[PDB]
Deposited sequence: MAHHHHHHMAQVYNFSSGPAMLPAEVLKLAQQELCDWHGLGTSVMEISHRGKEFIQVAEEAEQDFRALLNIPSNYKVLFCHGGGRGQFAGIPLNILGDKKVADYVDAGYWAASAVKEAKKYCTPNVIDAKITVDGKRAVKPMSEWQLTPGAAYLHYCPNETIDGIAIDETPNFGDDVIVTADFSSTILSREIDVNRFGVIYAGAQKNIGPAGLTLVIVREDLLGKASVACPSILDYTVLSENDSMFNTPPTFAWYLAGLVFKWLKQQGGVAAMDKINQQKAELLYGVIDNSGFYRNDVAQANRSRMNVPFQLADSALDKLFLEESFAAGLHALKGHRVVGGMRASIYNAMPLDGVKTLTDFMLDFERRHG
């Protein structure tokens, strides 16, 4: 058995990939693939609408939000957010406590002069994030942007936004959407590249509060314009139809598992197991503060990084793929990753420490 810890593109649920394989050439008895049919045909429209409704149900998205299936990836929305909801405003607040939050800032500078909030703090030697109650917002800012799960850094911000009605909260949920219940009503825009917990790469989900439509910049490409996308139910142009179908299968799989609250419980067990092994070891280390430890992306370093290459070759040979971190290691343990995959990983880690520590 191969367990794939890639952060993105990530593993699909094994049952989903098996189903997609079974019907790849002849889908629902049509004699063609789901990827070969018109997006404006009755058959694909049903796939698309069921995927939208399942996503709405899984997250308990209120009726005053649009759910858009978009091209361009997470970095597409780094441009899409300011291009759609700056309106006539020239400032937005961006919270930076990690790589992807900082990347969003860089793109936003094409469109406005962002106010950057440095939310990084060190608490008892551990990397943490300032509480939202301390974020100094700009009166009148068009929106606030933050990243609740920093994929490379292993840093999560779990607290629910509770800002005034004048604050429009936007958030990059790429590497954590569907891993726990969230209060969608507290947000203006939630977006996620699909290639962590939704589907394959090439698809992005955007949840947009409906009153934010209607003020896109004229410069916004129509394929990224939330108002045009909503008008056309995400079929302004040809969608990534196979990716949208696969996302729909993932949503069906999540329903079969018991939904996001069921995932939340298994993800807690997976994270406690892996962080427990790291913390009870002098050979592995993670220095993110407990309250900000991501349950989805778990970086860790070896006490002797001269062993990194051997760790990667031997873990791969043991069927544990894609553990390399950014310029130590990073285990991504998304919804699709079973607890048995994390047990296999930690057993390997304990053995590797016995050998080389």
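Asker: Could you name the stretches of the deposited sequence that have no C-alpha atoms in this structure?
Answerer: Residues lacking C-alpha coordinates: 1-10, 338-340.
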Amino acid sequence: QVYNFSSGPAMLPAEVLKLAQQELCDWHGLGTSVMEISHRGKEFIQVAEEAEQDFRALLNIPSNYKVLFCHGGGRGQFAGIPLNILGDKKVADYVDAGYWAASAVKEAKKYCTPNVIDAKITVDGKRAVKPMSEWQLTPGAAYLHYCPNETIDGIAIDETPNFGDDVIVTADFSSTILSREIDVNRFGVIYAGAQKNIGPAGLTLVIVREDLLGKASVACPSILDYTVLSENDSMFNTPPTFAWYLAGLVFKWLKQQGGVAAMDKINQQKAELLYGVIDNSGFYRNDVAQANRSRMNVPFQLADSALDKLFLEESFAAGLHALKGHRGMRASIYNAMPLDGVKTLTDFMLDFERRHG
From here on, numbers count along this sequence of modelled residues.
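Asker: So which stretch wins on mean C-alpha B-factor, 272-280 or 149-157?
Answerer: For C-alpha atoms only, the mean B-factor is higher in 272-280.
Asker: Taking the mean of the C-alpha B-factors per stretch from the entry, tell me the winner out of 118-126 and 78-86.
Answerer: Taking the mean B-factor of the alpha carbons in each, 118-126 is higher.
Asker: Based on the PDB record, which member of 172, 287, 225, 211 exhibits the highest Cα temperature factor?
Answerer: Spelled out: the listed residue with the top C-alpha B-factor is 287.
Asker: Among 108, 182, 250, 262, where is the Cα B factor highest in this entry?
Answerer: Among 108, 182, 250, 262, the PDB entry lists the largest C-alpha B-factor for 182.
Asker: Once the chain's modelled residues are ordered by C-alpha B factor and cut into thirds, is residue 196 in the lowest, middle or highest one?
Answerer: For residue 196, the deposited C-alpha B-factor lands in the highest third.
Asker: Using the B-factor values recorded in the entry, state whether the Cα atom of residue 217 falls in the lowest, middle or highest third among the modelled residues of its chain.
Answerer: Ranked within chain, residue 217 CA B lands in the middle tercile.
Asker: Comparing residue 140 with the other modelled residues of its chain, is its CA B-factor in the lowest, middle or highest third?
Answerer: Residue 140: CA B-factor falls in the highest third of its chain.
Asker: Taking the values exactly as deposited, rank residue 67 by C-alpha B-factor within its chain and report the matching third: lowest, middle or highest.
Answerer: It falls in the bottom third of the chain.
Asker: Pull the Cα B-factor of residue 91 out of the PDB entry and bin it into the chain's lowest, middle or highest third.
Answerer: Highest third.
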